[PDB]
Amino acid sequence: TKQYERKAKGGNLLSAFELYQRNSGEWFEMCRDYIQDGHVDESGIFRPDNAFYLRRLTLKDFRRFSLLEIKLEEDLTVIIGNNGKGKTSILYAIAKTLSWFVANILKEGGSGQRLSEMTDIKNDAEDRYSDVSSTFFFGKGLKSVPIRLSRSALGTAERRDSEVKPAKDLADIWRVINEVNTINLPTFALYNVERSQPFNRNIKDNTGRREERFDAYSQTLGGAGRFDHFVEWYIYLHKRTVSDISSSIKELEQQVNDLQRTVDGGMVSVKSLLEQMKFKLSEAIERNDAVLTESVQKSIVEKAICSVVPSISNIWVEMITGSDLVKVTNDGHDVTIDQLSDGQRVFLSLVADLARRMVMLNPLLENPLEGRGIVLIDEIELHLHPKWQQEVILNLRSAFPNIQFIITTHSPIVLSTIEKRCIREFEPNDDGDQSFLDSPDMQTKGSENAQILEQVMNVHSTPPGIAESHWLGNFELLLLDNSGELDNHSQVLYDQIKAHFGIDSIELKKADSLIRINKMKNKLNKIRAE
Amino acid sequence: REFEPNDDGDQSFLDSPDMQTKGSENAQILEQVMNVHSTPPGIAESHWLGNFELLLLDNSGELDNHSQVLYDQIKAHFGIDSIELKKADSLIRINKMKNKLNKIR
Amino acid sequence: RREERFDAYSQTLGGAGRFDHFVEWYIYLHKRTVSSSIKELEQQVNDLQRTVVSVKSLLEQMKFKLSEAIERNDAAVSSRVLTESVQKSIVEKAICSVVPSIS
Amino acid sequence: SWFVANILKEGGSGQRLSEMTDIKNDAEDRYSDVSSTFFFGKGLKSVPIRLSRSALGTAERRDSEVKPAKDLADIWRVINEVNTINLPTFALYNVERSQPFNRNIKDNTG
Amino acid sequence: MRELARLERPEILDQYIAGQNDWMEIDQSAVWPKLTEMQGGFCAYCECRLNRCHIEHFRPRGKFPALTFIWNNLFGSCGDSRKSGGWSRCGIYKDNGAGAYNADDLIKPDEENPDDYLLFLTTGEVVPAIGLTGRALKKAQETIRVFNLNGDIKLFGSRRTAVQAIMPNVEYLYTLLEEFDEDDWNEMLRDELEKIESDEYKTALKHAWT
RNA sequence: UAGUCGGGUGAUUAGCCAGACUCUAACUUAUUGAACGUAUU
Ligand SMILES: Nc1ncnc2c1ncn2[C@@H]1O[C@H](COP(=O)(O)OP(=O)(O)O)[C@@H](O)[C@H]1O
Ligand SMILES: [Mg+2]
Ligand SMILES: [Zn+2]
């Protein structure tokens with residue numbers, strides 16, 4: 001129609017797509033360019049011209065929340081609060097919404113997930129239904145994609161309908177354009193606390209192939225990833241890389257060259273091995289000579305893992321025992337995956353899974369980890385030592401620079417690495433009638449952990465249920481009550497502090513400081529009186 | 001019972017920390033027992049106060065153009081009521097007073 | 001577990017002849033047989049360890065060969081056994097000789 | 001596990017060390033030992049227990065020494081049989097305690 | 001790091017001779033009373049309170065076996081080798097953690113005043129002093145690197161905390177420069193500087209005060 | 001900084017130029033019906 005033509009020529013993606021569907025060249029190219037166009041910034045990072053992110057979320061009578069609105073950052077949003085404030089509820093709500101995109105990218109008219117009629121409606125809601133409303137953004141040509149998931153309580157006669165057509169309409173564009181000419185696709189993933197599972201190498205999935213591209217969407221919003229699928233996929237990649245002879249020839253050529261250098265260096269014991277390898281190389285060259293995409297994929301993932309996971313410097317597949325084993329160099333020692341600590345394994349699993357999916361979904365990018373998507377992580381600090389907590393967010397953002405991360409944490413150490421604008425904080429005495437979440441007053445990035453605890457997380461620097469925690473405070477009060485002089489009572493407490501905390505304790509030094517300053521203040525006061 | 005941070009598996013005994021932990025400040029336990037900086041070293045803003053102090057000491061305690069710029073950055077980033085800005089203010093005051101004494105001498 | 005000579009008597013009089021057991025076993029033997037004295041092997045492993053990035057795969061192979069040689073050396077007279085390469089060849093010959101229309 | 005097994009049943013067996021995971025990878029002696037000493041009042045100041053496991057290649061078998069655990073557990077079991085006594089609680093809560101709740105509350109099988 | 005005043009040479013070093021005799025032979029309880037008089041129960045390099053402590057050869061026995069029973073070369077350092085591994089500053093780190101170093105390019109605290117080379121920030125870093133180039137810069141930078149005077153978190157934090165505890169007092173004293181006459185105010189500053197000899201990290205506390 | 005408003009240019013829904021704005025904070029919509037603007041009479 002003329003109306004659609006005008007909007008499409010103005011840059012509207014949906015209109016361009018509608019014109020493509022009715023006339024089934026120009027319009028196809030418009031749609032494909034809208035999805036694929038982008039540029040490399042000054043830092044060498046690819047940036048899509050049309051970004052995809054969640055803008056806003058509204059929850060009505062959902063679990064704890066009577067009515068709650070959240071505005072999200074395009075890059076990173078961190079939700080903080082005490083246990084039971086609904087941090088996990090928020091991520092669950094988002095994940096269910098994202099399931100509608102995934103279902104429709106896989107299958108025309110696919111069905112996403114639903115709100116629970118048993119658990120998800122607020123218990124004391126007068127209206128017996130719940131709504132999760134989301135608005136997504138996809139460039140200036142599609143500024144608003146509104147979705148609503150709704151559910152009425154069990155045994156209510158009036159049933160409230162979800163509104164999911166906009167999700168389906170956008171997902172249709174991705175699916176149909178991809179079918180004609182390959183495009184990069186968005187990654188959606190949820191990593192909840194269920195990602196902490198025991199590892200089993202042996203239990204193998206026979207429900208689809210792992211090398212097929214759309215396997216990247218398999219159980220992507222189930223909460224645990226599929227680290228088993230990663231291992232299978234990685235072994236597959238290894239077998240294919242070994243099998244193509246030119247890389248084997250190049251590898252064999254490199255091995256022959258290394259062995260020749262050793263023989264030239266005076267090690268005559270390896271001459272027999274060199275002759276064997278030269279023979280193998282000659283045979284390989286003689287066999288019919290012709291870069292594997294599989295080799296590059298493997299390298300990308302290996303680099304990602306090693307860059308993000310601090311204890312892991314190398315990862316590889318060994319077959320020589322007679323079974324396929326993935327091995328890693330962890331803290332300088334070669335170990336199996338099963339030998340990793342739970343903390344290391346869980347974090348490795350997260351990054352491995354995410355990297356796999358991004359590589360599979362972004363085949364046209366030079367760096368596939370610069371693809372688009374939305375990733376939800378619950379309790380990012382799960383099983384991490386404080387040292388690791390100080391690096392985790394920086395490493396993730398560097399490895400996946402165009403993903404929107406939505407994170408929950410209980411860690412002041414994590415918060416010390418994040419700007420206040422990214423933080424959304426529950427009011428302490430909320431009770432689920434707060435309308436809008438807000439950022440803390442204090443700047444967290446680069447701040448001391450003690451300050452974050454007190455100013456942002458409302459936790460005292462010393463444990464209130466221990467008497468010794470109050471002694472320095474009491475000591476100060478005693479000094480102030482006795483005109484700054486060390487009386488019998490102040491001396492006793494001083495001695496107690498000294499005896500308990502020790503001679504070079506911070507507490508004692510503070511006490512000493514108080515004595516010195518108060519003595520000097522009193523001397524001033526006497527001079528002034530004279 | 002604490003493991004040594006650079007244990008390569010040949011540690012024979014697990015040992016108690018030297019500092020008393022019960023009733024101690026969390027920031028102290030981080031540094032003295034867990035071997036972790038109280039401020040994240042991989043954030044530039046964590047070094048600004050140190051850099052600010054060094055600039056002040058290089059210019060005989062007077063706010064030069066460079067020190068003023070950094071001061072303004074600290075103010076802009078941490079805020080007017082921040083502990084970091086108060087420390088910076090304190091540094092200015094003390095160093096100015098020290099320099100005045102030096103000039104009198 | 002490793003295999004041992006008297007595993008030949010395991011389930012011999014009920015449970016023998018299952019395709020899945022064969023395929024698993026056969027692939028296993030293939031992976032092992034893809035690609036010397038113990039002292040010589042020990043010396044080669046030591047020389048390769050001193051060199052050790054590109055030779056790391058070769059070192060792991062040689063360490064495996066050394067371990068196998070030690071194991072065979074340590075293994076008893078009662079459990080004496082042909083090399084995996086020979087075993088594989090004999091079974092392949094048997095299959096090709098017996099099974100109609102498999103060459 | 002050796003105390004628990006023997007409180008429940010005479011000559012009950014506790015859990016063993018794994019040959020694959022529990023032995024140090026570069027162990028010269030190719031075995032692992034877990035030695036524990038328990039205390040039970042001034043009457044029984046030392047109850048030593050050792051769990052042992054040798055690697056697969058087996059130059060010599062290293063046996064676990066669990067008799068003191070069994071002996072003590074026997075005392076609890078036998079005296080309890082005659083007259084009810086209070087018994088010790090042993091429990092491990094590892095990171096596997098974090099798992100989803102199944103609503104489907106089962107049979108009172110009894 | 002403080003300027004140290006070496007004075008009198010002990011009798012027991014005269015008996016043992018370098019080359020023939022080994023270091024482990026000597027009675028070490030004979031040596032400590034003179035070092036404790038010199039150093040004041042504090043470390044040579046970091047100025048922690050000594051509790052676990054060992055005799056440190058400034059130039060090591062491996063590289064320099066001639067310098068073994070020489071009174072210049074001995075210093076009382078923090079940490080104990082015999083007790084445990086994983087001590088990561090001062091004498092133990094000089095040997096193991098700092099592998100490659102020129103022994104010439106280090107501040108020997110008995111010979112040289114370290115206050116020309118090292119400045120102590122109230123943030124609890126230690127830095128090269130204002131206006132050093134070439135050799136003096138190289139000596140400042142290597143002393144910091146080899147004794148690990150920032151990289152040890154236990155040290156860095158313990159020093160930072162010590163300085164930050166007194167910074168209310170330093171602020172408050174200099175505001176009363178206005179009101180008091182010189183003889184009163186100089187008595188006040190001398191009294192404070194007197195107290196911090198008995199305190200730990202005394203050089204760091206001096207730079208705050210002066 | 002970013003987003004926003006938009007006077008000018010520009011074979012012109014682009015790009016470029018100029019000036020401005022900033023409550024945590026626009027996402028441009030629907031006919032033949034209704035109302036409004038224009039045309040017709
Ligand atoms: N249907 C519901 N009605 C009312 N309160 C609910 C309902 N479902 C959950 N809650 C409450 O919401 C909280 C759930 O917290 P959760 O979403 O896991 O947040 P967090 O992860 O921050 O603890 C608990 O306080 C629980 O009592
Ligand atoms: Mg009309
Ligand atoms: Zn020291």
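Computed over heavy atoms, backbone and side chain alike; hydrogens, waters and symmetry mates excluded. In what follows, every chain begins at residue 1, and chains take the letters A, B, ... in the order their sequences are listed.
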Query raised in the report: How are the rings of E:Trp185 and E:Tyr174 set to each other: parallel, tilted or perpendicular (split at 30° and 60°)?
Result: perpendicular
Requested in this report: Identify the heavy atoms of A:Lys420 and A:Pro440 that sit nearest to each other, and give their distance.
Outcome: CG-O, 3.1 Å
Query raised in the report: Does atom CG of B:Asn65 have more than 12 heavy-atom neighbours, drawn from other residues, nucleotides or ligands, at distances under 6.0 Å?
Result: yes
Query raised in the report: Does the side chain of E:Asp199 reach to within under 4.5 Å of the side chain of A:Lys509, using non-hydrogen atoms?
Result: no
Query raised in the report: Within the distance-only criterion (no hydrogens, no angle test), does the side chain of E:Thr161 pair as donor or acceptor with the backbone N or O of E:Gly157 below 3.5 angstrom?
Result: yes
**Report entry** 4.5 Å side-chain heavy-atom contact, E:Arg89 and E:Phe147
**Finding:** no
Query raised in the report: Is the number of heavy atoms from other residues, nucleotides or ligands under 6.0 Å of E:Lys34 NZ greater than 12?
Result: no
Requested in this report: Tell me, yes or no, whether the heavy-atom count around E:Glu179 atom CD, taken from other residues, nucleotides or ligands under 6.0 Å, exceeds 12.
Outcome: no
Query raised in the report: Considering only heavy atoms from C-beta outward, does the side chain of E:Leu155 approach that of E:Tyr201 to under 4.5 Å?
Result: yes
Query raised in the report: Under the criterion side chain to side chain donor-acceptor pair (under 3.5 Å), which of E:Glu3, E:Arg159, E:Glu47, E:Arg2 is the partner of E:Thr203?
Result: E:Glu47
Query raised in the report: Are any non-hydrogen side-chain atoms of A:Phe501 and A:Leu472 less than 4.5 angstrom apart?
Result: no
Query - Salt bridge present between E:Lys206 and E:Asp115 (N-O < 4.0 angstrom) - result: yes
Query raised in the report: Distance from A:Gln451 atom CD to B:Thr39 atom OG1, nearest 0.5 Å?
Result: 10.0 Å
Query raised in the report: Which pair of non-hydrogen atoms, one from A:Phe475 and one from A:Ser490, has the smallest distance, and what is that distance?
Result: CE1-O, 3.4 Å
Requested in this report: Check B:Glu84 against A:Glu448 and note the closest heavy-atom contact, atom names and distance.
Outcome: OE2-OE2, 3.4 Å
Query - Trace of the side-chain contact (heavy atoms from CB on, under 4.5 Å) decision for E:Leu177 with E:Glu182 - result: CA-CA 8 Å; E:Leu177 187 63; E:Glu182 289 288 294; 4.2 Å; yes
Report task. Measure the spacing between CG of A:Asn474 and CG of A:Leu479 and express it to the nearest 0.5 Å. Result -> 11.5 Å
Query raised in the report: If you draw the axis of the six-membered ring of E:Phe75, does the NZ or CZ of E:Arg6 fall within 45° of it and under 6.0 Å from the ring centre?
Result: yes
Query raised in the report: Checking side-chain contact (heavy atoms from CB on, under 4.5 Å) for the pair A:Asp481/A:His489: CA distance, chi angles, key distance, verdict?
Result: CA-CA 11 Å; A:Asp481 198 21; A:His489 286 308; over 6 Å; no
Query raised in the report: Going by heavy atoms in the side chains, are E:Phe180 and A:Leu524 under 4.5 Å from each other?
Result: yes
Query - Heavy atoms from other residues, nucleotides or ligands near NZ of B:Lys98 exceed 12 (cutoff 6.0 Å) - result: yes
Query raised in the report: Can you check whether A:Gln390's main-chain N or O pairs, donor with acceptor, with A:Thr417's side chain at less than 3.5 Å?
Result: no
Report task. With rounding to the nearest 0.5 Å, note down the distance linking CD1 in A:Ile393 to CG in A:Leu415. Result -> 9.5 Å
Query raised in the report: For the residue pair E:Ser88 and E:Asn148, what are the closest heavy atoms and their distance?
Result: O-ND2, 2.8 Å
**Report entry** Flag side-chain contact, heavy atom, 4.5 Å: E:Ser158 against E:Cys48
**Finding:** no
Query raised in the report: With a cut-off of 6.0 Å (strictly less than), are more than 12 heavy atoms of other residues, nucleotides or ligands near NZ of E:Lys83?
Result: no
Report task. Using atom types as modelled and distance alone, determine if a side-chain donor or acceptor of E:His207 lies under 3.5 Å from a backbone N or O of E:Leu121. Result -> no
**Report entry** Polar side-chain atom of B:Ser46 near backbone of B:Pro40 as donor-acceptor pair, under 3.5 Å
**Finding:** yes
Query raised in the report: Is the shortest distance from a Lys or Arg side-chain nitrogen in E:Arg190 or E:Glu187 to a carboxylate oxygen in the other one below 4.0 Å?
Result: yes
**Report entry** Straight-line distance of A:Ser439 OG to A:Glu425 CD, nearest 0.5 Å
**Finding:** 7.5 Å
Query raised in the report: Can you check whether E:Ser77's main-chain N or O pairs, donor with acceptor, with E:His54's side chain at less than 3.5 Å?
Result: no
Requested in this report: Verify, without hydrogens or angle tests, whether A:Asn449 (side chain) and A:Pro412 (backbone) share a donor-acceptor contact under 3.5 angstrom.
Outcome: no
Query - Given A:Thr409, A:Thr408, A:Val414, the one that forms side-chain contact (heavy atoms from CB on, under 4.5 Å) with A:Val78 - result: A:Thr409
Atom pairs and distances, side-chain donor-acceptor, residues 452-461 of chain A, under 3.5 Å, sequence neighbours left out:
none

Requested in this report: For residues B:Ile80 and B:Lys75, determine if any side-chain heavy atom of one lies less than 4.5 Å from a side-chain heavy atom of the other.
Outcome: yes
Query raised in the report: Going by atom types alone, do A:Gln443 and B:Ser82 pair a side-chain donor with an acceptor below 3.5 Å?
Result: no
Query raised in the report: Distance-only, no hydrogens or angles: does the B:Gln11 side chain make a donor-acceptor pair with backbone N or O of B:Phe13 under 3.5 Å?
Result: yes
Query raised in the report: Is B:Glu45 paired with A:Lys445 through a side-chain N to carboxylate O contact shorter than 4.0 Å?
Result: no
Query - E:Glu125 versus E:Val127, closest heavy-atom pair with distance - result: OE2-CG1, 3.8 Å
Query raised in the report: Given A:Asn429 and A:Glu427, is the side-chain contact (heavy atoms from CB on, under 4.5 Å) satisfied, shown in steps?
Result: CA-CA 6 Å; A:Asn429 297 335; A:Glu427 288 158 15; over 6 Å; no
Query raised in the report: For E:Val146 and E:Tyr93, what are the C-alpha separation, side-chain angles and deciding distance, and is it a side-chain contact (heavy atoms from CB on, under 4.5 Å)?
Result: CA-CA 7 Å; E:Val146 167; E:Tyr93 195 92; 6.0 Å; no
Query raised in the report: Heavy-atom distance under 4.5 Å between the side chains of E:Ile166 and A:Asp512, does that happen here?
Result: no
Query - Flag if over 12 foreign heavy atoms under 6.0 Å of NZ, A:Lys523 - result: no
Report task. Would you check if the side chain of B:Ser90 reaches a backbone N or O of B:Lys87 as a donor-acceptor pair within less than 3.5 Å? Result -> no
Query raised in the report: Between the side chain of A:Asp430 and the main-chain N/O of A:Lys85, is any donor-acceptor distance below 3.5 Å?
Result: no
Report summary line: Correct closest heavy-atom pair for E:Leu35 and E:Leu74 would be CD2-O, 4.1 Å
Report task. Any chance you could measure E:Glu194, atom CD, to E:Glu197, atom CD, to the nearest 0.5 Å? Result -> 7.5 Å
Requested in this report: Using a cut-off of 6.0 Å, state whether more than 12 heavy atoms not belonging to E:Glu37 lie near its atom CD.
Outcome: no
Query raised in the report: Charged N to carboxylate O below 4.0 Å: is that the case for E:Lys154 and B:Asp18?
Result: no
Query raised in the report: Would you say B:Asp72 has more than 12 foreign heavy atoms packed within less than 6.0 Å of its CG?
Result: yes
**Report entry** OH on E:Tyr172 to CG on A:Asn518, rounded to 0.5 Å
**Finding:** 9.0 Å
**Report entry** Donor-acceptor contact present, side-chain E:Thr143 to main-chain E:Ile107, <3.5 Å
**Finding:** yes
Report task. Determine, step by step, whether A:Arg516 and E:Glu192 satisfy the salt bridge (charged side-chain N to carboxylate O under 4.0 Å, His left out) criterion, reporting the C-alpha distance in whole Å, the side-chain angles of both residues, the deciding distance to 0.1 Å, and the verdict. Result -> CA-CA 9 Å; A:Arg516 297 302 272 84; E:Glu192 306 304 298; 3.1 Å; yes
